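Report on the following structure.
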Amino acid sequence: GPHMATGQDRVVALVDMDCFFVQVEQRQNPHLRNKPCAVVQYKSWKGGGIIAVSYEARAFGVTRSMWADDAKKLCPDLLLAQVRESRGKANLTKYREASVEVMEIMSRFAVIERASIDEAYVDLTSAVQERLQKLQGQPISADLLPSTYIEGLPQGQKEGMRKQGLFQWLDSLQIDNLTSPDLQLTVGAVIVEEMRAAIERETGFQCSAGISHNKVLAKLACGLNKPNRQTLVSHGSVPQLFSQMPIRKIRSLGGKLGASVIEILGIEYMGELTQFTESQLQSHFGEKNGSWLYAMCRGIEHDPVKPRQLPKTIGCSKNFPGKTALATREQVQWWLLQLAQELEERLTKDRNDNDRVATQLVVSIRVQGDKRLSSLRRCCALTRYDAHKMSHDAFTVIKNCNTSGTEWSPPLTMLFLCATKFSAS
DNA sequence: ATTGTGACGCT
DNA sequence: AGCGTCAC
Ligand SMILES: Nc1ncnc2c1ncn2[C@H]1C[C@H](O)[C@@H](COP(=O)(O)NP(=O)(O)OP(=O)(O)O)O1
Ligand SMILES: [Mn+2]
Ligand SMILES: [Mn+2]
C-alpha cells in the first residue's frame with residue numbers, strides 16, 4: 001500500500017531520429033526529399049544491402065537488411081543513396097558527425113546518455129522541477145504540446161483523436177500539486193517538444209520521442225507514434241498497454257531470454273508476468289533478471305540515465321563473405337592495414353576533440369565455416385596512434401591461427417579492430 | 001552474401 | 001581476459 005514504491009520518481013525521455021541516415025542524405029541532396037528513398041551499403045552484390053528506409057518507401061514494404069534489387073521489385077521508383085567507401089570499406093563518418101550535431105543540441109537541455117548513433121536518453125527530473133517552480137501554478141495549454149500523444153487516450157482523422165486524447169489528459173491534471181507524477185510527465189513532454197523543435201530548426205532533422213518514468217518505458221513510448229511525434233506513457237497506462245504487448249517488444253527481451261520467458265511460463269504478453277512472484281521469476285531466469293522482470297511488468301525500472309555522450313570504444317570491422325574470404329598472408333596484412341588506417345584517422349580526431357587516448361587494441365576474426373560470429377578475440381597494448389604499428393600488432397596477435405605450411409587456412413571471413421580503455425589526455 | 005557498429009553480462 | 005547476448 002503506502003510503502004510500495006511505484007517507480008514514479010524520475011522523468012526520462014528517449015529521443016530517436018526518424019529514418020536517420022535517409023534524413024542525412026536528404027538534407028544533403030534535396031532531390032531525395034519527400035520521396036521513397038533508402039540508404040544502401042555497397043552495390044555489386046544484389047544492388048547493395050539496405051540500411052535505412054524512408055517512410056514513403058516503407059509504405060511499399062521496403063525494409064532494412066533487404067537487397068536493393070528486391071526493394072526495387074517492391075518499389076520501382078525507389079531512390080538510393082550509397083554509403084561512402086574508403087580504403088575498400090564502408091565509412092560511416094557523415095552519420096557520426098550528424099549524430100554529434102544532434103547530441104550537442106540535446107546536451108543543452110539536460111544530461112544525455114548516448115544510446116545509439118541516432119538516439120539518446122534524457123533525465124529531465126531537475127529540469128521539470130525548475131520549470132514547475134517557474135510556472136508558479138499556471139495550467140499547461142494544449143498549444144504547448146502540438147505533437148504529443150497520450151497513450152491510452154481518448155477513452156470513455158488522426159490529429160482529431162490526438163487532440164481529443166490530449167484534452168482528456170489535460171482536463172484531469174492536478175496542476176497545484178508540484179509532486180504529482182502525471183504533471184511531472186506533462187511538463188517533461190513540454191520540454192521535449194522544445195528540444196525536438198530546436199533539433200529540427202538547427203539541423204533540419206525530424207525525430208520522435210518517448211516520455212515516461214524510466215528508460216524502457218520511454219523507448220517503448222517513442223516507438224508508438226513514429227514519425228515526427230512524441231508519446232507520453234504514464235504509470236497508470238501501463239496495465240492496459242502491457243495487457244496485449246508481446247514480450248519481445250520490451251528492450252532486452254527481444255532475443256533468447258524473451259523466448260525462454262514465453263516458453264517456460266507459457267505466456268505471450270508483458271502484463272501476464274505480474275501473476276508470478278519475484279522468487280519464481282528469479283528461479284527461472286536468475287536473481288538479476290528475475291527482479292528486473294518482476295518490477296518491469298509493473299512499469300518499474302531503475303536503470304539510471306548514465307552521463308555519457310561519447311562512445312566508449314572506437315571500432316572498424318569488415319566482413320569477407322563467400323569466395324572473397326581472405327586466404328593469403330598478403331591479403332590479411334593489407335586489410336589489417338586498411339582497417340588500422342581508418343582507425344588511426346578516427347582515433348586522432350577523437351583525441352583532438354575529446355581529450356582522451358585509447359590504451360588497448362582489440363583484434364577479432366571470424367573464420368570460414370565457423371558457426372560463431374566471432375572466432376577469436378584477443379587484446380594487446382595500444383601505445384601510439386600508428387596504423388602500421390597497429391596492423392603489425394594485430395597480425396602478431398592473430399598469426400598463430402594460420403594452419404598452413406604464404407597461404408592462409410582456413411580463410412578469414414571477418415576482420416575487426418577496436419580501440420578501448422580510454423584515459424584522459 | 002544483413003554489414004557495420006556499440007554496450008553490457010558471465011565466468 | 002575472452003566469450004556471449006542484445007540492440008541498433
Ligand atoms: N542493422 C543495422 N546495420 C547497419 N546500420 C544500421 C542498422 N540498423 C540501423 N542502422 C543505422 C541506419 C539508421 O538510420 C540508424 C538509426 O537506427 P534506427 O533508429 O533503428 N532506424 P531509423 O532511424 O533509420 O528509422 P526509425 O527510427 O524512424 O524507425 O542507424
Ligand atoms: Mn531512428
Ligand atoms: Mn535508433
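So you know, we letter chains A, B, ... as the sequences are listed, proteins then strands, and number each from 1. Order of listing sets the numbers, starting from 1, for every ligand and every atom in it.
Between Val192(A) and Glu194(A), every side-chain heavy-atom pair lies at or beyond the 4.5 Å cut-off. Contact annotation: the side chain of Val332(A) approaches that of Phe395(A) to within less than 4.5 Å [non-hydrogen atoms, C-beta and beyond]. Between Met106(A) and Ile199(A) there is a side-chain heavy-atom pair separated by less than 4.5 Å. For the pair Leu74(A) and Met66(A), the minimum side-chain heavy-atom distance is below 4.5 Å. For the pair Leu224(A) and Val233(A), the minimum side-chain heavy-atom distance is below 4.5 Å. By the 4.5 Å heavy-atom criterion applied to side chains, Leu217(A) and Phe242(A) are counted as neighbours.
With sequence neighbours excluded, the residues that form a ring-ring contact (aromatic ring centres under 6.0 Å, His included) with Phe320(A) are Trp335(A). When the side chain to side chain donor-acceptor pair (under 3.5 Å) test is applied to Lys389(A), the partners found at least two apart in sequence or on another chain are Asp393(A).
Close approach to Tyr55(A) involves these atoms of ligand 1, each under 4.0 Å from a residue heavy atom: 26 (P), 28 (O), 29 (O). For ligand 1 and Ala52(A), the ligand atoms under 4.0 Å from any heavy atom of the residue are 14 (O). If you number the atoms of ligand 1 from 1 as listed, the ones under 4.0 Å from a heavy atom of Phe20(A) come out as 14 (O), 22 (P), 23 (O), 24 (O). Of all atoms in ligand 1, listed by their number and element, those nearer than 4.0 Å to a heavy atom of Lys226(A) are 26 (P), 27 (O), 28 (O). Under a 4.0 Å criterion applied to the non-hydrogen atoms of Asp18(A), ligand 1 contributes the atoms 28 (O).
Protein heavy atom in closest approach to atom 13 (C) of ligand 1: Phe21(A) CD1, 4.0 Å. Looking only at heavy atoms of the protein, atom 17 (O) of ligand 1 is closest to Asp118(A) OD1, 3.8 Å. What sits closest to atom 3 (N) of ligand 1 on the protein, heavy atoms only, is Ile51(A) CG2, 4.5 Å. For atom 25 (O) of ligand 1, the closest non-hydrogen atom on the protein side is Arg58(A) NH2, 3.0 Å.
Under 3.5 Å, the side chains of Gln8(A) and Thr6(A) contain a donor-acceptor pair of N or O atoms.
Under 4.0 Å from ligand 1, the heavy atoms of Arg64(A) that appear belong solely to its side chain. Contacts with ligand 1 closer than 4.0 Å are made by side-chain heavy atoms of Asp16(A) only, the backbone lying farther away. Using a 4.0 Å cut-off between heavy atoms, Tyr95(A) makes no contact with ligand 1 at all. Counting heavy atoms under 4.0 Å from ligand 1, residue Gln206(A) does not touch it at all.
Judged by distance alone, the side chain of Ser86(A) and the main-chain N or O of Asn91(A) form no donor-acceptor pair under 3.5 Å. Looking at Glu344(A), its side chain does come within 3.5 Å of a backbone N or O of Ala387(A) through a donor-acceptor pair.
Geometrically, ligand 1 and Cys19(A) share a nitrogen or oxygen pair separated by less than 3.5 Å. Some N or O of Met17(A) is nearer than 3.5 Å to an N or O of ligand 1, by distance alone.
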(Q) Between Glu345(A) and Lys349(A), does the salt bridge (charged side-chain N to carboxylate O under 4.0 Å, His left out) criterion hold? Intermediate values first, please. (A) CA-CA 6 Å; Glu345(A) 179 166 13; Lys349(A) 175 60 144 33; over 6 Å; no
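Here 3 is the count of protein N, O or S atoms positioned under 2.8 Å from the Mn ion (ligand 2), waters not counted.
At least one protein heavy atom sits closer than 4.0 Å to atom 19 (O) of ligand 1.
Under a 4.0 Å N-O distance rule, the pair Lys219(A)/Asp16(A) qualifies as a salt bridge.
Applying the side chain to side chain donor-acceptor pair (under 3.5 Å) test to every pair with at least one member in residues 98-112 of chain A, sequence neighbours left out, gives these pairs: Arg27(A)-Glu101(A), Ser107(A)-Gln309(A), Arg108(A)-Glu202(A).
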